[PDB]
Amino acid sequence: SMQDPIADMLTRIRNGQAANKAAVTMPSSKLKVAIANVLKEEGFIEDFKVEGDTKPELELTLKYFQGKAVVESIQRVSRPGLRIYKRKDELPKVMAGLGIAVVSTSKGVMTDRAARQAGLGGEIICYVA
Amino acid sequence: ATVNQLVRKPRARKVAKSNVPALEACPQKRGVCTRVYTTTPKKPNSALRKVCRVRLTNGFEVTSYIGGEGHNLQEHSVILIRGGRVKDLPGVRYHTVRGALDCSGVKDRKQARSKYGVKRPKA
Amino acid sequence: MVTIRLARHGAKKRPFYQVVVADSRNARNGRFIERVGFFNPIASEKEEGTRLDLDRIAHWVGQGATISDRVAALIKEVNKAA
Amino acid sequence: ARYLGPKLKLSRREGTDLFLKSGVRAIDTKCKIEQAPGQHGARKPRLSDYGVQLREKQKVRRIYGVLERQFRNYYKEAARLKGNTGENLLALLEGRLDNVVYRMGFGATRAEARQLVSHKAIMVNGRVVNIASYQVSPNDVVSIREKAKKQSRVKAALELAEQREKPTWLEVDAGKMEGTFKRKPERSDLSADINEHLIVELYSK
Amino acid sequence: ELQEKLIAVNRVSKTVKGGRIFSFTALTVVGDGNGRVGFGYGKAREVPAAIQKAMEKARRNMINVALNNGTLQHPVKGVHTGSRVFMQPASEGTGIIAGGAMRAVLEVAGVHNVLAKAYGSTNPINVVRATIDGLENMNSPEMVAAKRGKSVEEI
Amino acid sequence: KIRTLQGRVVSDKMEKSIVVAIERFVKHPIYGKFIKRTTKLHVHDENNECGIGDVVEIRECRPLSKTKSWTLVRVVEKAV
RNA sequence: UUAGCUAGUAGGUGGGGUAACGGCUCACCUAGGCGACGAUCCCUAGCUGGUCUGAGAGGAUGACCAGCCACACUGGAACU
RNA sequence: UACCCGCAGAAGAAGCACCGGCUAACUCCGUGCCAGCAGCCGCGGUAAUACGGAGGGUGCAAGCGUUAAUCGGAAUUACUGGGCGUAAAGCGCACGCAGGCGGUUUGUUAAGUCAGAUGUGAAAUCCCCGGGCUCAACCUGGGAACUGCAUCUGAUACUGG
Ligand SMILES: [K+]
Ligand SMILES: [K+]
Ligand SMILES: [K+]
Ligand SMILES: [Mg+2]
Ligand SMILES: [Mg+2]
Ligand SMILES: [Mg+2]
Ligand SMILES: [Mg+2]
Ligand SMILES: [Mg+2]
Ligand SMILES: [Mg+2]
Ligand SMILES: [Mg+2]
Ligand SMILES: [Mg+2]
Ligand SMILES: [Mg+2]
Ligand SMILES: [Mg+2]
Ligand SMILES: [Mg+2]
Ligand SMILES: [Mg+2]
Ligand SMILES: [Mg+2]
Ligand SMILES: [Mg+2]
Ligand SMILES: [Mg+2]
Ligand SMILES: [Mg+2]
Ligand SMILES: [Mg+2]
Ligand SMILES: [Mg+2]
Ligand SMILES: [Mg+2]
Ligand SMILES: [Mg+2]
Ligand SMILES: [Mg+2]
Ligand SMILES: [Mg+2]
């Protein structure tokens with residue numbers, strides 16, 4: 001059964017961008033909206049939208065540069081079978097700092113760069129290259 | 001594989017067994033020659049190779065190779081043995097140390113002498 | 001009882017001594033409660049041949065520690081130099 | 001402790017001047033320098049990469065006169081010290097008292113300088129020292145002790161060192177038989193003919 | 001300009017009605033330093049002919065890699081067939097910590113400081129493939145910024 | 001201010017005594033999965049007031065029997 | 001290729017005992033208590049700071065030095 | 001005693017293992033699947049760089065080899081960091097208890113998680129910066145570390161209740 005809708009979102013991104021999809025649609029969720037917001041701020045996607053009242057869909061508009069995927073890779077790290085948390089002094093650097101890690105800190109979902117500046121740890125959701 | 005399976009049963013580390021069990025992790029052992037005889041090797045070689053059956057002080061009995069040209073060993077002779085198999089003699093897992101206890105060194109050898117137990121030519 | 005004494009921590013024919021607080025029943029080099037300083041019999045005249053925390057020594061004496069004869073001599077020496 | 005065999009055979013095997021003789025005469029008049037030793041030495045080999053690395057390790061040892069155990073200790077310390085392991089290693093090898101004595105010019109050869117040291121003829125910073133591996137340090141004075149200045153050997157050695165290239169990091173006053181570290185040596189000054197990086201490769205395996 | 005390396009020579013053979021024909025293959029690499037490299041695999045019935053074919057193949061088939069002042073931009077994982085290669089940038093004076101087949105490629109690329117490890121098959125051909133694949137994937141801050149539209153101050 | 005544990009009653013059939021299960025989540029030392037671990041305490045239950053499945057707060061005290069070295073501070077929730 | 005173990009056994013009340021809390025011990029009462037998060041049984045073994053190896057995570061180990069524990073021909077007991 | 005001075009005379013002081021490939025170093029003479037060699041591949045049946053000797057090397061050095069034993073290389077028990085169509089590996093199929101896992105929204109808690117503070121983490125050993133032995137090995141001052149444990153006071157995104 002569906003037990004990790006975040007890995008579902010990330011896989012929809014990966015597959016749609018490998019298929020050169022213009023946009024992808026998935027079931028919406030607060031955490032999905034937060035993660036999409038972080039990705040838009042870091043520029044990995046063009047836009048996102050939420051639509052409908054009883055069963056809200058979330059749409060992401062994918063981004064391509066010189067005919068190729070802007071998202072190089074997108075990888076779930078914390079997962080239901082094995083949760084991963086890091087202290088402030090242990091937050092990972094993805095691609096030596098060219099990529100991002102998304103961290104659910106106590107102050108909310110943010111990049112690892114932001115979390116280091118705030119001095120926080122948190123649950124590490126995914127890596128994005 | 002699955003982490004829950006590992007938590008239920010950890011990775012069983014293999015154990016590598018010693019090739020020289022009768023040596024009991026000793027570097028050498030003393031023993032008494034109960035029989036001294038010769039055997040053909042296996043293919044492709046041909047020879048008559050010199051071997052002895054030795055009861056060790058710990059009561060193991062082993063077959064041991066007698067290296068170098070000619071030897072003075074006989075039944076009831078007491079010798080020191082070390083590890084190292086001979087290949088082409090299946091089951092000969094040990095070497096007799098030349099120049100120890102009853103085992104003479106090789107008489108006329110002049111090179112690699114310290115492997116075969118023979119002393120410096122003084123002149 | 002509690003005592004303040006030297007512990008030999010050096011090399012053959014090259015002595016060096018820590019100044020340590022110990023239960024007198026403990027071995028010379030064994031268990032000790034606190035380390036208080038050091039003394040070197042063969043330090044150069046250019047070199048710090050002795051150091052003590054005289055304040056913590058005074059604290060331990062307030063608690064009833066027994067100072068060793070050589071440690072007492074060293075304390076008199078330091079308070080003569082200082 | 002020391003290599004005591006035919007010294008110039010070493011230069012033949014390395015195919016180059018190892019400075020093992022004082023230079024009163026060119027070595028090609030004293031040996032067939034271009035040809036490796038022994039009866040088979042005419043057949044020049046195709047060295048493997050391991051052979052090349054080994055041959056450089058050997059060359060550097062065989063110039064400075066250091067056996068493998070001490071040379072590996074130098075390597076481990078140079079690998080602990082900051083900066084380039086190879087530059088550090090060469091700085092250490094150049095800091096030896098016998099080497100400093102040779103560079104200063106009092107010994108006509110490194111082995112002659114090693115005698116002068118070992119026989120308690122050398123003083124450093126005003127003190128007698130007779131340990132060849134003694135590490136000299138900046139601003140140290142080195143001098144001949146006054147009972148030794150009578151030896152002809154040092155005079156002839158000085159009359160040869162005047163022909164060699166002058167070191168930049170040392171200073172010597174030959175007429176007084178004293179000198180000083182003005183600087184430590186640096187990779188700029190030591191001969192580019194030493195492939196320090198092959199030494200690093202060989203011990204870092 | 002070009003530096004050249006010979007990585008391997010291998011004697012392969014074809015069986016025929018009369019017996020065996022032996023042929024030589026040579027694997028070589030060339031590069032400008034400065035992050036341009038190519039590899040060439042040649043075949044001939046003679047060793048020097050194989051080497052010359054390899055060099056001629058390696059002068060074309062040549063790629064650019066965005067080196068970071070003589071080290072890598074970031075760690076990279078390359079894979080080809082059975083050969084997996086991990087590479088990581090290193091501080092100055094580290095040198096090339098690599099095996100021979102990778103050391104040749106990284107030397108002719110001019111990557112002075114690297115840590116590298118081969119895993120799985122060490123077969124030189126596929127190792128060279130995997131290393132070139134990894135270096136080809138590596139990307140640099142300026143074009144990452146161009147993709148994401150940020151200024152390079154984002155670094 | 002008392003250093004205190006909270007757990008659930010898993011047996012009440014003893015006199016003046018209960019068995020309390022303390023349930024803790026702990027990161028597995030090697031594999032990093034968070035595992036539930038249980039520890040059972042024998043606790044002084046004066047008046048025999050607690051019952052099965054109650055959630056109860058307890059504290060360390062002097063030895064009271066061969067097994068008992070813990071005493072009930074209070075019930076915090078009750079079953080059914 | 002050890003699944004059931006335990007009857008002072010688990011708890012309670014009241015005497016006794018200890019420097020002291022306690023089945024520590026005794027009379028009576030309740031009938032429990034432990035165990036697949038491995039009880040019971042078998043084999044092996046002093047423990048730790050540390051040591052060796054390793055990029056690290058780990059793996060092996062516990063000679064010298066320091067801390068704790070146990071023992072003193074074998075098996076018991078008490079005295080001061 | 002350490003240290004120093006004086007005196008005679010090169011005088012009193014170099015071995016061990018390797019040289020077919022891996023792996024630096026090779027040519028004669030014995031001998032003929034014999035005698036022997038070997039860590040793995042493997043050498044010898046009359047032209048042996050592989051056995052034994054000699055002359056040449058090469059490598060270590062008051063040491064050199066050989067045996068035993070641990071970690072590495074071994075990503076070859078794979079947590080970091082592996083596999084299961086044919087190479088070893090999907091139970092013959094299914095149901096299902098304990099166990100692991102859980103769509104979405106609001107409130108609450110603050111167990112997991114995160115932050116701060118305090119105590120503790122014996123000295124030695126291990127790292128860094130400096131002293132002393134004629135250098136070194138040794139000894140030693142100060143620092144860092146002691147990747148942890150525990151108790152308070154905060155945060156509530158996620159997970160659990
Ligand atoms: K009682
Ligand atoms: K009892
Ligand atoms: K795994
Ligand atoms: Mg045959
Ligand atoms: Mg020595
Ligand atoms: Mg393999
Ligand atoms: Mg008593
Ligand atoms: Mg025992
Ligand atoms: Mg490893
Ligand atoms: Mg280490
Ligand atoms: Mg002992
Ligand atoms: Mg006895
Ligand atoms: Mg060989
Ligand atoms: Mg012949
Ligand atoms: Mg191994
Ligand atoms: Mg491993
Ligand atoms: Mg496999
Ligand atoms: Mg089959
Ligand atoms: Mg199969
Ligand atoms: Mg099936
Ligand atoms: Mg089913
Ligand atoms: Mg179930
Ligand atoms: Mg269930
Ligand atoms: Mg949920
Ligand atoms: Mg909490």
Side-chain angles (χ1 to χ4, degrees), chain A residues 1-3 5 27 29-31 34 78 80-81 83 85 87-88 104-109 119-123 125, chain B residues 1 3-4 6 10-14 20 23 25-28 44-48 67-69 82-84 86-87 95 97 109-112 114-115, chain C residues 9-11 13-14 16 29-32 35 38 40 42-44 47-48 51, chain D residues 1 4 37-41 47-48 50-51 54-55 67-69 73 97 127-131 133-135, chain E residues 84 115 119-120, chain F residues 3 11 13-17 23-25 27 30-32 34-38 42 62-68:
Chain A
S1 305
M2 177 49 60
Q3 300 183 14
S29 177
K30 285 196 307 193
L31 187 59
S78 185
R83 300 284 177 179
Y85 313 96
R87 301 198 311 221
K88 178 189 69 174
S104 187
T105 74
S106 181
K107 291 292 94 185
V109 188
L120 300 175
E123 190 180 352
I125 303 183
Chain B
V3 165
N4 206 53
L6 292 173
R11 295 299 191 175
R13 192 76 199 119
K14 62 186 61 155
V20 286
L23 220 70
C26 299
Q28 302 87 9
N45 301 310
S46 188
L48 293 173
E69 301 199 315
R82 63 163 177 85
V86 181
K87 190 180 182 290
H95 277 68
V97 182
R109 197 182 177 110
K110 296 185 180 180
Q111 186 172 339
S114 74
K115 292 185 173 178
Chain C
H9 286 157
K13 309 289 290 291
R14 290 282 296 185
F16 178 103
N29 289 28
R31 190 168 162 192
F32 67 90
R35 177 178 169 265
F38 67 89
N40 185 340
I42 63 173
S44 179
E47 182 170 40
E48 186 173 20
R51 195 189 297 154
Chain D
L4 301 175
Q39 72 177 19
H40 302 304
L47 299 182
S48 66
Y50 169 77
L54 173 65
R55 195 49 48 217
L67 290 194
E68 270 302 323
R69 182 56 72 99
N73 290 349
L97 185 65
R127 295 175 174 78
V128 173
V129 175
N130 82 318
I131 293 142
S133 63
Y134 182 91
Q135 298 295 136
Chain E
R84 284 167 281 143
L115 307 180
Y119 290 115
Chain F
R3 287 169 56 207
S11 181
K13 289 182 287 191
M14 291 182 290
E15 298 184 273
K16 302 194 175 187
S17 311
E23 178 177 30
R24 54 178 182 126
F25 278 91
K27 182 182 176 184
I30 309 171
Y31 303 120
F34 283 84
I35 300 303
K36 297 201 304 175
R37 298 287 78 176
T38 305
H42 284 207
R62 67 180 179 78
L64 259 64
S65 75
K66 190 166 181 287
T67 67
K68 295 165 63 175

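Quick note on labels: first sequence line is chain A, next is B, and so on, each numbered from 1.
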Mind checking if [X] touches a base, just sugar-phosphate, or nothing, with heavy atoms under 4.0 Å?
X: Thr67(F); value: sugar-phosphate
X: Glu47(C); value: sugar-phosphate
X: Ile125(A); value: nothing
X: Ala1(B); value: base
X: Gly68(B); value: sugar-phosphate
X: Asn73(D); value: nothing
X: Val3(B); value: nothing
X: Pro10(B); value: nothing
X: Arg51(C); value: sugar-phosphate
X: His95(B); value: nothing
X: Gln3(A); value: base
X: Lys87(B); value: base

Please tell me whether [M] and [N] form a Watson-Crick or G-U wobble pair, using a cut-off of 3.5 Å on both distances.
N: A17(H); M: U104(H); result: no
N: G83(H); M: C149(H); result: no
N: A60(G); M: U51(G); result: yes
N: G141(H); M: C129(H); result: yes
N: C127(H); M: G143(H); result: yes
N: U140(H); M: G130(H); result: yes

Quiz item: [X] side-chain donor-acceptor pair to [N] base, under 3.5 Å:
X: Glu15(F); N: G11(G); value: yes
X: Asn45(B); N: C43(H); value: yes
X: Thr105(A); N: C114(H); value: no

Item checked: Rounded interatomic separation in angstrom, taking CZ from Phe32(C) and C1' from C68(G) -> 17 Å

Next item on the list: Using atom types as modelled and distance alone, determine if a side-chain donor or acceptor of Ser65(F) lies under 3.5 Å from a backbone N or O of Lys68(F).
Entry: yes

[X] side-chain N/O to [N] phosphate OP1/OP2 under 4.0 Å:
X: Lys30(A); N: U106(H); value: yes
X: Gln111(B); N: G53(H); value: yes
X: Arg87(A); N: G148(H); value: yes
X: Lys66(F); N: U9(G); value: no
X: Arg11(B); N: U76(H); value: no

Note to self: I need the minimum non-hydrogen distance between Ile125(A) and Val109(A), along with the two atoms involved.
What the structure shows: CD1-CG1, 4.4 Å

Item checked: Nucleotide nearest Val86(B) (side chain, heavy atoms from C-beta), chosen from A38(H), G55(H), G67(G) -> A38(H)

Notebook entry, point to check: Can you tell which of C18(H), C135(H), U58(H) lies closest to the side chain of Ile131(D)?
Noted result: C135(H)

Please determine, for [N], whether a Watson-Crick or G-U wobble partner exists with both distances under 3.5 Å, and give it or none.
N: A54(H); value: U27(H)
N: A10(G); value: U30(G)
N: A19(G); value: none
N: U1(G); value: none

